[PDB]
Each structure stands twice: as structure tokens, then as C-alpha cells.
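Student: Next comes the structure file run-v9.txt, holding compact mmCIF, N, CA and C atoms and all ligand atoms.
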# COMPACT_ATOMS: atom_id res chain seq x y z
N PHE K 241 -93.77 -3.31 -176.63
CA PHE K 241 -93.48 -1.87 -176.24
C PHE K 241 -93.19 -0.90 -177.38
N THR K 242 -93.49 -1.26 -178.63
CA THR K 242 -93.12 -0.43 -179.78
C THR K 242 -94.29 0.17 -180.54
N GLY K 243 -95.51 0.05 -180.02
CA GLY K 243 -96.68 0.53 -180.75
C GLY K 243 -96.86 2.01 -181.05
N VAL K 244 -98.03 2.33 -181.58
CA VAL K 244 -98.39 3.68 -181.99
C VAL K 244 -98.40 4.50 -180.73
N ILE K 245 -98.02 5.76 -180.87
CA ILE K 245 -98.07 6.67 -179.68
C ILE K 245 -99.44 7.33 -179.63
N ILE K 246 -100.14 7.10 -178.51
CA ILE K 246 -101.44 7.65 -178.26
C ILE K 246 -101.42 9.08 -177.78
N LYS K 247 -100.48 9.39 -176.93
CA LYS K 247 -100.33 10.77 -176.38
C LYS K 247 -98.88 10.89 -175.91
N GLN K 248 -98.34 12.08 -176.06
CA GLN K 248 -97.02 12.41 -175.49
C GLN K 248 -96.98 13.83 -175.04
N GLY K 249 -96.10 14.14 -174.10
CA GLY K 249 -95.91 15.56 -173.61
C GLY K 249 -95.23 15.52 -172.33
N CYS K 250 -94.80 16.67 -171.87
CA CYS K 250 -94.13 16.78 -170.61
C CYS K 250 -95.06 16.95 -169.45
N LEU K 251 -94.65 16.38 -168.33
CA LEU K 251 -95.34 16.53 -167.02
C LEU K 251 -94.31 16.67 -165.95
N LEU K 252 -94.62 17.25 -164.81
CA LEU K 252 -93.72 17.13 -163.65
C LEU K 252 -94.02 15.85 -162.88
N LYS K 253 -92.99 15.18 -162.43
CA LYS K 253 -93.18 13.95 -161.71
C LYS K 253 -92.49 14.13 -160.36
N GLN K 254 -93.09 13.62 -159.27
CA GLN K 254 -92.46 13.70 -157.97
C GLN K 254 -91.62 12.49 -157.74
N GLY K 255 -90.41 12.69 -157.21
CA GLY K 255 -89.65 11.51 -156.84
C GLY K 255 -90.15 10.92 -155.58
N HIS K 256 -89.72 9.67 -155.36
CA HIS K 256 -90.38 8.93 -154.28
C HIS K 256 -89.85 9.32 -152.84
N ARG K 257 -88.54 9.54 -152.78
CA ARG K 257 -87.79 9.52 -151.52
C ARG K 257 -87.62 10.90 -151.05
N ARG K 258 -87.18 11.80 -151.95
CA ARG K 258 -86.90 13.20 -151.49
C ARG K 258 -88.02 14.16 -151.88
N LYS K 259 -88.88 13.70 -152.80
CA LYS K 259 -90.15 14.44 -153.07
C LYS K 259 -89.98 15.67 -153.92
N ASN K 260 -88.88 15.70 -154.69
CA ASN K 260 -88.76 16.83 -155.57
C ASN K 260 -89.49 16.57 -156.86
N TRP K 261 -89.81 17.63 -157.59
CA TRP K 261 -90.53 17.51 -158.84
C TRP K 261 -89.62 17.78 -159.99
N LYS K 262 -89.66 16.99 -161.04
CA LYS K 262 -88.81 17.16 -162.20
C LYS K 262 -89.62 17.02 -163.44
N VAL K 263 -89.32 17.82 -164.48
CA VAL K 263 -90.02 17.72 -165.77
C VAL K 263 -89.49 16.46 -166.51
N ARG K 264 -90.38 15.59 -166.96
CA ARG K 264 -90.00 14.47 -167.81
C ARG K 264 -90.91 14.46 -168.99
N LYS K 265 -90.49 13.91 -170.12
CA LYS K 265 -91.37 13.67 -171.23
C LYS K 265 -92.00 12.34 -171.07
N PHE K 266 -93.32 12.22 -171.26
CA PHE K 266 -94.06 11.01 -171.15
C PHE K 266 -94.65 10.57 -172.49
N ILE K 267 -94.69 9.27 -172.71
CA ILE K 267 -95.25 8.74 -173.94
C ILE K 267 -96.11 7.57 -173.60
N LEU K 268 -97.37 7.61 -174.04
CA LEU K 268 -98.34 6.57 -173.77
C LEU K 268 -98.53 5.78 -175.04
N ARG K 269 -98.44 4.45 -174.82
CA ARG K 269 -98.65 3.45 -175.90
C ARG K 269 -99.64 2.40 -175.37
N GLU K 270 -100.19 1.64 -176.33
CA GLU K 270 -101.15 0.56 -176.08
C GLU K 270 -100.61 -0.81 -176.47
N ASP K 271 -101.26 -1.84 -175.97
CA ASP K 271 -100.96 -3.19 -176.37
C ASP K 271 -99.50 -3.59 -176.21
N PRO K 272 -99.03 -3.69 -174.96
CA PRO K 272 -99.81 -3.42 -173.79
C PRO K 272 -99.77 -1.93 -173.40
N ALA K 273 -100.67 -1.58 -172.51
CA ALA K 273 -100.83 -0.18 -172.13
C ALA K 273 -99.63 0.19 -171.23
N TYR K 274 -98.84 1.19 -171.61
CA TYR K 274 -97.63 1.59 -170.81
C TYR K 274 -97.44 3.07 -171.01
N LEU K 275 -96.90 3.65 -169.99
CA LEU K 275 -96.49 5.04 -169.99
C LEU K 275 -95.01 5.06 -169.70
N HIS K 276 -94.17 5.41 -170.69
CA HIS K 276 -92.73 5.55 -170.53
C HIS K 276 -92.41 6.97 -170.28
N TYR K 277 -91.34 7.24 -169.50
CA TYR K 277 -90.93 8.61 -169.30
C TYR K 277 -89.40 8.71 -169.49
N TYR K 278 -88.97 9.93 -169.91
CA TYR K 278 -87.70 10.25 -170.41
C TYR K 278 -87.24 11.61 -169.92
N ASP K 279 -85.94 11.87 -170.09
CA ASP K 279 -85.38 13.21 -170.17
C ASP K 279 -86.23 14.08 -171.05
N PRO K 280 -86.46 15.39 -170.75
CA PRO K 280 -87.40 16.16 -171.50
C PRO K 280 -87.09 16.35 -172.99
N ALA K 281 -85.89 16.02 -173.45
CA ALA K 281 -85.74 16.00 -174.92
C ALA K 281 -86.25 14.74 -175.63
N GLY K 282 -86.54 13.74 -174.82
CA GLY K 282 -86.90 12.43 -175.35
C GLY K 282 -85.78 11.77 -176.13
N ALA K 283 -84.53 12.18 -175.85
CA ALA K 283 -83.39 11.76 -176.71
C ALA K 283 -82.66 10.53 -176.19
N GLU K 284 -82.80 10.18 -174.92
CA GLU K 284 -82.01 9.12 -174.25
C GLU K 284 -82.85 7.92 -173.95
N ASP K 285 -82.26 6.88 -173.36
CA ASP K 285 -83.03 5.69 -173.02
C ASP K 285 -84.14 6.12 -172.04
N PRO K 286 -85.32 5.46 -172.04
CA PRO K 286 -86.32 5.77 -171.04
C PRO K 286 -85.81 5.63 -169.62
N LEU K 287 -86.21 6.52 -168.78
CA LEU K 287 -85.93 6.55 -167.34
C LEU K 287 -86.69 5.48 -166.61
N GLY K 288 -87.87 5.24 -167.12
CA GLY K 288 -88.75 4.27 -166.46
C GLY K 288 -90.00 4.06 -167.30
N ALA K 289 -90.87 3.15 -166.85
CA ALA K 289 -92.05 2.81 -167.54
C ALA K 289 -93.10 2.23 -166.60
N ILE K 290 -94.31 2.64 -166.82
CA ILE K 290 -95.44 2.34 -165.90
C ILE K 290 -96.40 1.48 -166.71
N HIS K 291 -96.62 0.26 -166.18
CA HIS K 291 -97.61 -0.64 -166.83
C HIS K 291 -99.05 -0.16 -166.40
N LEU K 292 -99.94 0.11 -167.39
CA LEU K 292 -101.20 0.77 -167.06
C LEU K 292 -102.37 -0.13 -167.04
N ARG K 293 -102.32 -1.33 -167.56
CA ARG K 293 -103.59 -2.09 -167.53
C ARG K 293 -104.02 -2.30 -166.09
N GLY K 294 -105.28 -1.99 -165.85
CA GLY K 294 -105.80 -2.20 -164.48
C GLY K 294 -105.32 -1.16 -163.47
N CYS K 295 -104.70 -0.05 -163.95
CA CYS K 295 -104.28 0.98 -162.98
C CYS K 295 -105.49 1.80 -162.51
N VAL K 296 -105.29 2.62 -161.48
CA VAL K 296 -106.26 3.64 -161.05
C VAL K 296 -105.60 4.97 -161.30
N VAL K 297 -106.27 5.82 -162.07
CA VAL K 297 -105.77 7.21 -162.29
C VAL K 297 -106.81 8.17 -161.71
N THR K 298 -106.35 9.13 -160.93
CA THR K 298 -107.29 10.05 -160.22
C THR K 298 -106.74 11.45 -160.25
N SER K 299 -107.65 12.41 -160.45
CA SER K 299 -107.33 13.80 -160.34
C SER K 299 -107.19 14.09 -158.85
N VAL K 300 -106.25 14.91 -158.44
CA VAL K 300 -106.00 15.19 -156.99
C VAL K 300 -106.18 16.70 -156.85
N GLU K 301 -107.02 17.08 -155.86
CA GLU K 301 -107.15 18.52 -155.59
C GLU K 301 -105.93 19.12 -154.94
N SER K 302 -105.64 20.38 -155.27
CA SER K 302 -104.56 21.14 -154.64
C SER K 302 -104.99 21.65 -153.25
N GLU K 311 -98.65 23.54 -155.66
CA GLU K 311 -98.73 22.43 -156.64
C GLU K 311 -100.12 22.43 -157.26
N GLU K 312 -100.20 22.37 -158.58
CA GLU K 312 -101.50 22.60 -159.31
C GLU K 312 -101.65 21.52 -160.35
N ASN K 313 -102.88 21.16 -160.74
CA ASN K 313 -103.08 20.25 -161.89
C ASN K 313 -102.46 18.88 -161.60
N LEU K 314 -102.61 18.44 -160.33
CA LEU K 314 -102.06 17.18 -159.87
C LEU K 314 -102.94 16.00 -160.25
N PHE K 315 -102.31 14.83 -160.43
CA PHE K 315 -103.04 13.55 -160.61
C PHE K 315 -102.10 12.46 -160.27
N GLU K 316 -102.70 11.31 -159.99
CA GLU K 316 -101.90 10.17 -159.50
C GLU K 316 -102.32 8.98 -160.34
N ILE K 317 -101.28 8.17 -160.66
CA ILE K 317 -101.52 6.81 -161.17
C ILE K 317 -101.05 5.85 -160.09
N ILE K 318 -101.92 4.85 -159.80
CA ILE K 318 -101.51 3.71 -158.94
C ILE K 318 -101.69 2.49 -159.84
N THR K 319 -100.54 1.78 -160.05
CA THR K 319 -100.60 0.63 -160.93
C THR K 319 -101.35 -0.50 -160.24
N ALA K 320 -101.66 -1.51 -160.99
CA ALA K 320 -102.35 -2.71 -160.43
C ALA K 320 -101.61 -3.34 -159.31
N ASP K 321 -100.27 -3.23 -159.35
CA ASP K 321 -99.55 -3.75 -158.21
C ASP K 321 -99.17 -2.75 -157.16
N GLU K 322 -99.89 -1.63 -157.19
CA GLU K 322 -99.79 -0.64 -156.07
C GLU K 322 -98.59 0.21 -156.04
N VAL K 323 -98.06 0.50 -157.22
CA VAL K 323 -96.91 1.49 -157.28
C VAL K 323 -97.52 2.85 -157.66
N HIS K 324 -97.15 3.91 -156.87
CA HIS K 324 -97.77 5.25 -157.07
C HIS K 324 -96.83 6.17 -157.78
N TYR K 325 -97.43 6.89 -158.70
CA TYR K 325 -96.76 7.95 -159.47
C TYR K 325 -97.58 9.24 -159.32
N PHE K 326 -96.94 10.29 -158.84
CA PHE K 326 -97.63 11.58 -158.54
C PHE K 326 -97.09 12.54 -159.57
N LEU K 327 -98.07 13.08 -160.32
CA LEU K 327 -97.75 13.90 -161.54
C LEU K 327 -98.47 15.18 -161.50
N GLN K 328 -97.92 16.14 -162.24
CA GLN K 328 -98.49 17.50 -162.29
C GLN K 328 -98.46 17.90 -163.77
N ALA K 329 -99.62 18.27 -164.32
CA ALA K 329 -99.63 18.84 -165.70
C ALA K 329 -99.48 20.35 -165.65
N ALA K 330 -99.05 20.93 -166.77
CA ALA K 330 -98.78 22.37 -166.79
C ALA K 330 -100.10 23.19 -166.91
N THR K 331 -101.19 22.54 -167.36
CA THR K 331 -102.47 23.24 -167.52
C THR K 331 -103.57 22.33 -167.13
N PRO K 332 -104.73 22.85 -166.67
CA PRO K 332 -105.87 21.95 -166.35
C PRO K 332 -106.30 21.17 -167.52
N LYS K 333 -106.27 21.67 -168.74
CA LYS K 333 -106.72 20.91 -169.94
C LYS K 333 -105.82 19.74 -170.08
N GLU K 334 -104.47 19.89 -169.91
CA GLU K 334 -103.57 18.76 -170.09
C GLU K 334 -103.78 17.76 -169.03
N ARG K 335 -104.12 18.10 -167.76
CA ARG K 335 -104.45 17.04 -166.81
C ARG K 335 -105.69 16.34 -167.30
N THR K 336 -106.74 17.01 -167.73
CA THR K 336 -107.98 16.35 -168.11
C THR K 336 -107.63 15.41 -169.28
N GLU K 337 -106.85 15.83 -170.27
CA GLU K 337 -106.56 14.99 -171.44
C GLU K 337 -105.73 13.80 -171.03
N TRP K 338 -104.77 13.95 -170.13
CA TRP K 338 -103.93 12.79 -169.73
C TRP K 338 -104.79 11.83 -168.98
N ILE K 339 -105.65 12.24 -168.03
CA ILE K 339 -106.48 11.30 -167.29
C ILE K 339 -107.36 10.55 -168.22
N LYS K 340 -107.99 11.19 -169.21
CA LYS K 340 -108.91 10.49 -170.12
C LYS K 340 -108.10 9.45 -170.93
N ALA K 341 -106.88 9.80 -171.35
CA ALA K 341 -106.16 8.85 -172.21
C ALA K 341 -105.68 7.67 -171.35
N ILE K 342 -105.17 7.92 -170.13
CA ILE K 342 -104.70 6.81 -169.30
C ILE K 342 -105.94 5.97 -168.94
N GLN K 343 -107.08 6.54 -168.56
CA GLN K 343 -108.27 5.75 -168.12
C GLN K 343 -108.65 4.87 -169.30
N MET K 344 -108.70 5.41 -170.55
CA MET K 344 -109.08 4.55 -171.70
C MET K 344 -108.06 3.45 -171.97
N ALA K 345 -106.75 3.74 -171.76
CA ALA K 345 -105.71 2.73 -172.02
C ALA K 345 -105.74 1.67 -170.97
N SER K 346 -106.23 1.97 -169.78
CA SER K 346 -106.13 1.13 -168.56
C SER K 346 -107.16 -0.02 -168.62
N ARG K 347 -108.08 0.09 -169.58
CA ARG K 347 -109.18 -0.92 -169.76
C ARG K 347 -108.75 -2.19 -170.42
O1 LIG G 401 -82.02 8.70 -161.46
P1 LIG G 401 -81.85 10.08 -160.85
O2 LIG G 401 -80.78 10.26 -159.77
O3 LIG G 401 -81.89 11.23 -161.85
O4 LIG G 401 -83.13 10.15 -159.84
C1 LIG G 401 -84.56 10.28 -159.86
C2 LIG G 401 -84.93 10.85 -158.53
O5 LIG G 401 -83.68 10.92 -157.75
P2 LIG G 401 -83.32 12.49 -157.38
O6 LIG G 401 -84.00 13.26 -158.60
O7 LIG G 401 -81.76 12.54 -157.40
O8 LIG G 401 -83.55 12.83 -155.89
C3 LIG G 401 -85.94 10.01 -157.81
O9 LIG G 401 -86.46 10.56 -156.75
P3 LIG G 401 -86.32 10.27 -155.18
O10 LIG G 401 -86.71 8.91 -154.62
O11 LIG G 401 -87.19 11.50 -155.14
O12 LIG G 401 -84.51 10.75 -154.87
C4 LIG G 401 -87.10 9.09 -158.49
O13 LIG G 401 -87.68 8.09 -157.54
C5 LIG G 401 -86.49 8.22 -159.54
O14 LIG G 401 -87.67 7.78 -160.24
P4 LIG G 401 -87.65 6.54 -161.24
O15 LIG G 401 -86.22 5.98 -161.23
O16 LIG G 401 -88.17 6.98 -162.59
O17 LIG G 401 -88.68 5.70 -160.48
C6 LIG G 401 -85.46 9.08 -160.36
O18 LIG G 401 -86.17 10.06 -161.02
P5 LIG G 401 -86.09 9.97 -162.61
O19 LIG G 401 -84.84 10.56 -163.27
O20 LIG G 401 -87.40 10.71 -163.01
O21 LIG G 401 -86.05 8.48 -163.02
What would the structure in this file look like if it were written as C-alpha cells?
Tutor:
Amino acid sequence: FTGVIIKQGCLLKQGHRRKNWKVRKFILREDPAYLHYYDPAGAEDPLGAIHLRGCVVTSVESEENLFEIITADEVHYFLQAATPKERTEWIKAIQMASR
């Protein structure tokens, strides 16, 4: 879990139970492929981490610039980028890491 950082930046993430959206900082690493997320300063312990090998990442039509990751074991993460370019860049990086 300590490798080179492939991409980082903030995204809004939906919580599972109450469905609110919160800004978190995300960091994608390889070997193994994982997406960790943090408090938006990136200063504290990670909040969580998503194992990406074999995941499905999909752009979701409209909340704007939505996309979803479903891990290989069927855990869903619903995310929103601040711009269409950032959704396109995150999907391409997760799809390449997921191989
Ligand atoms: O750990 P805290 O209390 O800050 O909670 C997160 C969300 O809980 P709430 O934001 O209090 O509703 C949470 O959403 P819901 O099920 O929407 O209540 C979300 O599932 C949970 O996600 P992870 O633990 O990362 O899976 C908590 O959100 P994060 O702080 O982004 O971790």
C-alpha cells in the first residue's frame, strides 16, 4: 500500500446509509491497485480504501459528473467529480489500474 501515486484529488462521495455527499481527498496507487480516501486536507489516517483490481468503473448520467466503482466483491462507491474532465481522467486512471 505504499507505492507511487498515480492520481490524487478531491471528489464528492455519497455515504451508504443516509446518502449525503462529502468532499474527500482520493489517492490512487498501484501494485496492488487501491484507491484510498481521506479528510480533504489529506492530513489524517485514511478513512477507507477501495481495492480496484477487477473492479467495474462506469460513468453515470445525471448531481453532475457522477461515476461509480463496484469492486470485485460487489461493494459500490458513488462519486462525483467537480468537472467533466476530472470524471473522464479518474475513470481512465481507475480502468487502467483495474487491469
Ligand atoms: O465516519 P463518519 O461518521 O464521518 O461517517 C461517514 C458517513 O457517515 P455520515 O457522514 O455521518 O452520515 C457515511 O455515510 P452513511 O452510511 O451515509 O451515514 C459513509 O458510509 C462512511 O463511509 P466509509 O466509512 O468511508 O465507508 C463514512 O463516511 P466517511 O467519513 O467518508 O468515511
Student: Need the shell around residue 266 of chain K: protein/DNA/RNA residues with any atom at most 10 Å away, counting only C-alpha atoms. Skip same-chain ones fewer than 3 positions apart. Format as a ChimeraX atom specification?
Tutor: /K:247-253,263,275-280,282,286,288-289
Student: Quick one: residues within 8 Å of residue 245 of chain K, all atoms listed in the file, excluding same-chain residues fewer than 3 positions away - as a VMD selection string?
Tutor: chain K and resid 242 248 267 to 270
Student: Using only N, CA and C atoms and all ligand atoms, what are the residues with an atom within 5 Å of ligand LIG 401 (chain G), set out as a PyMOL selection string?
Tutor: chain K and resi 255-260+287-288
Student: Scan for residues within 12 Å of the point (-99.4, -0.7, -168.3) in the coordinates of the file, using only C-alpha atoms, and reply as a PyMOL selection string.
Tutor: chain K and resi 241+267-276+288-297+317-321+323+342-347
Student: So how far away is atom CA of residue 335 of chain K from atom N of residue 244 of chain K, in Å?
Tutor: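 So the two atoms, atom N of residue 244 of chain K and atom CA of residue 335 of chain K, lie 21.8 Å apart.
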Student: Report as a PyMOL selection string: the residues of chain K with a DSSP assignment of strand (DSSP E), based on the backbone of this structure.
Tutor: chain K and resi 245-254+261-269+274-278+288-291+296-300+314-318+324-328
Student: Rounded to one decimal in Å, what is the spacing between atom CA of residue 316 of chain K and atom CA of residue 334 of chain K?
Tutor: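 Atom CA of residue 316 of chain K sits 13.7 Å away from atom CA of residue 334 of chain K.
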Student: Quote the spacing between atom CA of residue 329 of chain K and atom CA of residue 313 of chain K in Å to one decimal place.
Tutor: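 Computing the Euclidean distance for atom CA of residue 329 of chain K and atom CA of residue 313 of chain K yields 5.3 Å.
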Student: Where in chain K does DSSP assign alpha helix (DSSP H), given as a list in words?
Tutor: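 Here is the list: residues 332, 333, 334, 335, 336, 337, 338, 339, 340, 341, 342, 343, 344 and 345 of chain K.
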Student: Could you check which of K:243, K:262, K:322, K:299 is closest to residue 337 of chain K, using only C-alpha atoms?
Tutor: K:299
Student: Can segment 252-276 of chain K be brought up to N, CA, C and O atoms and written out as a PDB file, in the coordinates of the input?
Tutor:
ATOM      1  N   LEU K 252     -94.620  17.250-164.810  1.00  0.00           N
ATOM      2  CA  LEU K 252     -93.720  17.130-163.650  1.00  0.00           C
ATOM      3  C   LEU K 252     -94.020  15.850-162.880  1.00  0.00           C
ATOM      4  O   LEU K 252     -95.188  15.484-162.728  1.00  0.00           O
ATOM      5  N   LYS K 253     -92.990  15.180-162.430  1.00  0.00           N
ATOM      6  CA  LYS K 253     -93.180  13.950-161.710  1.00  0.00           C
ATOM      7  C   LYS K 253     -92.490  14.130-160.360  1.00  0.00           C
ATOM      8  O   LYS K 253     -91.324  14.624-160.298  1.00  0.00           O
ATOM      9  N   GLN K 254     -93.090  13.620-159.270  1.00  0.00           N
ATOM     10  CA  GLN K 254     -92.460  13.700-157.970  1.00  0.00           C
ATOM     11  C   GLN K 254     -91.620  12.490-157.740  1.00  0.00           C
ATOM     12  O   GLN K 254     -92.030  11.340-158.022  1.00  0.00           O
ATOM     13  N   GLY K 255     -90.410  12.690-157.210  1.00  0.00           N
ATOM     14  CA  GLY K 255     -89.650  11.510-156.840  1.00  0.00           C
ATOM     15  C   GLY K 255     -90.150  10.920-155.580  1.00  0.00           C
ATOM     16  O   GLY K 255     -90.647  11.677-154.679  1.00  0.00           O
ATOM     17  N   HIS K 256     -89.720   9.670-155.360  1.00  0.00           N
ATOM     18  CA  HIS K 256     -90.380   8.930-154.280  1.00  0.00           C
ATOM     19  C   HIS K 256     -89.850   9.320-152.840  1.00  0.00           C
ATOM     20  O   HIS K 256     -90.616   9.510-151.823  1.00  0.00           O
ATOM     21  N   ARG K 257     -88.540   9.540-152.780  1.00  0.00           N
ATOM     22  CA  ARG K 257     -87.790   9.520-151.520  1.00  0.00           C
ATOM     23  C   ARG K 257     -87.620  10.900-151.050  1.00  0.00           C
ATOM     24  O   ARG K 257     -87.955  11.235-149.950  1.00  0.00           O
ATOM     25  N   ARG K 258     -87.180  11.800-151.950  1.00  0.00           N
ATOM     26  CA  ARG K 258     -86.900  13.200-151.490  1.00  0.00           C
ATOM     27  C   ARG K 258     -88.020  14.160-151.880  1.00  0.00           C
ATOM     28  O   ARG K 258     -88.070  15.332-151.461  1.00  0.00           O
ATOM     29  N   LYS K 259     -88.880  13.700-152.800  1.00  0.00           N
ATOM     30  CA  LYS K 259     -90.150  14.440-153.070  1.00  0.00           C
ATOM     31  C   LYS K 259     -89.980  15.670-153.920  1.00  0.00           C
ATOM     32  O   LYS K 259     -90.786  16.609-153.879  1.00  0.00           O
ATOM     33  N   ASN K 260     -88.880  15.700-154.690  1.00  0.00           N
ATOM     34  CA  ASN K 260     -88.760  16.830-155.570  1.00  0.00           C
ATOM     35  C   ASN K 260     -89.490  16.570-156.860  1.00  0.00           C
ATOM     36  O   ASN K 260     -89.681  15.444-157.291  1.00  0.00           O
ATOM     37  N   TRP K 261     -89.810  17.630-157.590  1.00  0.00           N
ATOM     38  CA  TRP K 261     -90.530  17.510-158.840  1.00  0.00           C
ATOM     39  C   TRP K 261     -89.620  17.780-159.990  1.00  0.00           C
ATOM     40  O   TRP K 261     -88.945  18.851-159.989  1.00  0.00           O
ATOM     41  N   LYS K 262     -89.660  16.990-161.040  1.00  0.00           N
ATOM     42  CA  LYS K 262     -88.810  17.160-162.200  1.00  0.00           C
ATOM     43  C   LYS K 262     -89.620  17.020-163.440  1.00  0.00           C
ATOM     44  O   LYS K 262     -90.529  16.162-163.561  1.00  0.00           O
ATOM     45  N   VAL K 263     -89.320  17.820-164.480  1.00  0.00           N
ATOM     46  CA  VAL K 263     -90.020  17.720-165.770  1.00  0.00           C
ATOM     47  C   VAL K 263     -89.490  16.460-166.510  1.00  0.00           C
ATOM     48  O   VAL K 263     -88.242  16.289-166.632  1.00  0.00           O
ATOM     49  N   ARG K 264     -90.380  15.590-166.960  1.00  0.00           N
ATOM     50  CA  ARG K 264     -90.000  14.470-167.810  1.00  0.00           C
ATOM     51  C   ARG K 264     -90.910  14.460-168.990  1.00  0.00           C
ATOM     52  O   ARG K 264     -92.076  14.995-168.916  1.00  0.00           O
ATOM     53  N   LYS K 265     -90.490  13.910-170.120  1.00  0.00           N
ATOM     54  CA  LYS K 265     -91.370  13.670-171.230  1.00  0.00           C
ATOM     55  C   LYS K 265     -92.000  12.340-171.070  1.00  0.00           C
ATOM     56  O   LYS K 265     -91.288  11.341-170.813  1.00  0.00           O
ATOM     57  N   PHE K 266     -93.320  12.220-171.260  1.00  0.00           N
ATOM     58  CA  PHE K 266     -94.060  11.010-171.150  1.00  0.00           C
ATOM     59  C   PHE K 266     -94.650  10.570-172.490  1.00  0.00           C
ATOM     60  O   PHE K 266     -95.083  11.464-173.279  1.00  0.00           O
ATOM     61  N   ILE K 267     -94.690   9.270-172.710  1.00  0.00           N
ATOM     62  CA  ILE K 267     -95.250   8.740-173.940  1.00  0.00           C
ATOM     63  C   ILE K 267     -96.110   7.570-173.600  1.00  0.00           C
ATOM     64  O   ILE K 267     -95.671   6.605-172.942  1.00  0.00           O
ATOM     65  N   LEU K 268     -97.370   7.610-174.040  1.00  0.00           N
ATOM     66  CA  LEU K 268     -98.340   6.570-173.770  1.00  0.00           C
ATOM     67  C   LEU K 268     -98.530   5.780-175.040  1.00  0.00           C
ATOM     68  O   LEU K 268     -98.752   6.269-176.118  1.00  0.00           O
ATOM     69  N   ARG K 269     -98.440   4.450-174.820  1.00  0.00           N
ATOM     70  CA  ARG K 269     -98.650   3.450-175.900  1.00  0.00           C
ATOM     71  C   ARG K 269     -99.640   2.400-175.370  1.00  0.00           C
ATOM     72  O   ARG K 269     -99.946   2.296-174.227  1.00  0.00           O
ATOM     73  N   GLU K 270    -100.190   1.640-176.330  1.00  0.00           N
ATOM     74  CA  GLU K 270    -101.150   0.560-176.080  1.00  0.00           C
ATOM     75  C   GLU K 270    -100.610  -0.810-176.470  1.00  0.00           C
ATOM     76  O   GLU K 270     -99.622  -0.921-177.202  1.00  0.00           O
ATOM     77  N   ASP K 271    -101.260  -1.840-175.970  1.00  0.00           N
ATOM     78  CA  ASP K 271    -100.960  -3.190-176.370  1.00  0.00           C
ATOM     79  C   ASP K 271     -99.500  -3.590-176.210  1.00  0.00           C
ATOM     80  O   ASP K 271     -98.828  -3.945-177.180  1.00  0.00           O
ATOM     81  N   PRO K 272     -99.030  -3.690-174.960  1.00  0.00           N
ATOM     82  CA  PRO K 272     -99.810  -3.420-173.790  1.00  0.00           C
ATOM     83  C   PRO K 272     -99.770  -1.930-173.400  1.00  0.00           C
ATOM     84  O   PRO K 272     -98.933  -1.160-173.832  1.00  0.00           O
ATOM     85  N   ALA K 273    -100.670  -1.580-172.510  1.00  0.00           N
ATOM     86  CA  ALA K 273    -100.830  -0.180-172.130  1.00  0.00           C
ATOM     87  C   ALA K 273     -99.630   0.190-171.230  1.00  0.00           C
ATOM     88  O   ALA K 273     -99.470  -0.425-170.155  1.00  0.00           O
ATOM     89  N   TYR K 274     -98.840   1.190-171.610  1.00  0.00           N
ATOM     90  CA  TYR K 274     -97.630   1.590-170.810  1.00  0.00           C
ATOM     91  C   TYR K 274     -97.440   3.070-171.010  1.00  0.00           C
ATOM     92  O   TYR K 274     -97.731   3.633-172.073  1.00  0.00           O
ATOM     93  N   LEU K 275     -96.900   3.650-169.990  1.00  0.00           N
ATOM     94  CA  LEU K 275     -96.490   5.040-169.990  1.00  0.00           C
ATOM     95  C   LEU K 275     -95.010   5.060-169.700  1.00  0.00           C
ATOM     96  O   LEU K 275     -94.604   4.766-168.579  1.00  0.00           O
ATOM     97  N   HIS K 276     -94.170   5.410-170.690  1.00  0.00           N
ATOM     98  CA  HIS K 276     -92.730   5.550-170.530  1.00  0.00           C
ATOM     99  C   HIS K 276     -92.410   6.970-170.280  1.00  0.00           C
ATOM    100  O   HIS K 276     -93.105   7.901-170.726  1.00  0.00           O
TER     101      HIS K 276
END
